[PDB]
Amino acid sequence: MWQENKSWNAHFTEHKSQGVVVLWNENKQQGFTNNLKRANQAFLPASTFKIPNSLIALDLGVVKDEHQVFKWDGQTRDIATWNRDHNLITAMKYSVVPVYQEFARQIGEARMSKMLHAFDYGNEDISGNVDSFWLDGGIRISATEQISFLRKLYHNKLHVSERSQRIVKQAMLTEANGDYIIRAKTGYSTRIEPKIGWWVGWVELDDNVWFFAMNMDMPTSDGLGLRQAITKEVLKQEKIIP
């Protein structure tokens, strides 16, 4: 099932960093990682929680579809792309936290807790603030647990409607060409140590899909590009993407 390959550490070493990448080959039901222990250590999901959050908001009707416009509240924040109107596509593309904070407020503590229990998501714990618990509360999830959740989403097996799951899988669209399709979500956990950056999702090939979930030490925002860079180096080494 799980096989360890420490070859991939060089890609983390090359950039003064440490992390874990987890790959799952859907067809052959075989997994791969450079660090079995870290692959199963639970961290704050940060903005990768936007995947379950969107599924919940859509299923409950907080968000009717991917065209509904969530208008900027007018407060100028540090990330410039947040200071504009957004729909679910652009909101997820740019990790617009304010938009998902009002989602969490409408969902409320009870329904959020109930949904995460049914999702089997992480430790299912929403302790902390209603609109910030995935950034500084008690919820935790491992990279392998992200793959378990993601595999349910890919196969439309999560407890919410098939429509909700198809809309989110559309919003996760990051990259696509003649070779592959990447649906994925980035995350950056800055409020509680250890500061880490996430990239979870999958790579759709012609006749297979590879699920991946990576996290890495991230002391500042300047290294965020390595989340995608290091992952793609691993995908190139296994001849998944050219």
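In this text, residue numbers run from 1 along the sequence as written.
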Legend entry - Mean temperature factor over C-alpha atoms, higher-scoring stretch between 23-31 and 52-60: 23-31
Inset, instruction - Report the stretch with the higher mean CA temperature factor, choosing between 89-97 and 110-118 on the basis of the entry. - result: 110-118
Inset, instruction - Could you check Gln75, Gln165, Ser142, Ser148 and tell me which one carries the biggest Cα B-factor in the deposited entry? - result: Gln75
Legend entry - Lowest, middle or highest third - CA B-factor, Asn83: highest
Inset, instruction - Check where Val130 lands among this chain's C-alpha B-factors and tell me if it's the lowest, middle or highest third. - result: middle
Legend entry - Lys169 by Cα B-factor - lowest, middle or highest third of the modelled chain: lowest
Inset, instruction - Quick one: classify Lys152 as lowest, middle or highest third of the chain based on its Cα B-factor. - result: lowest
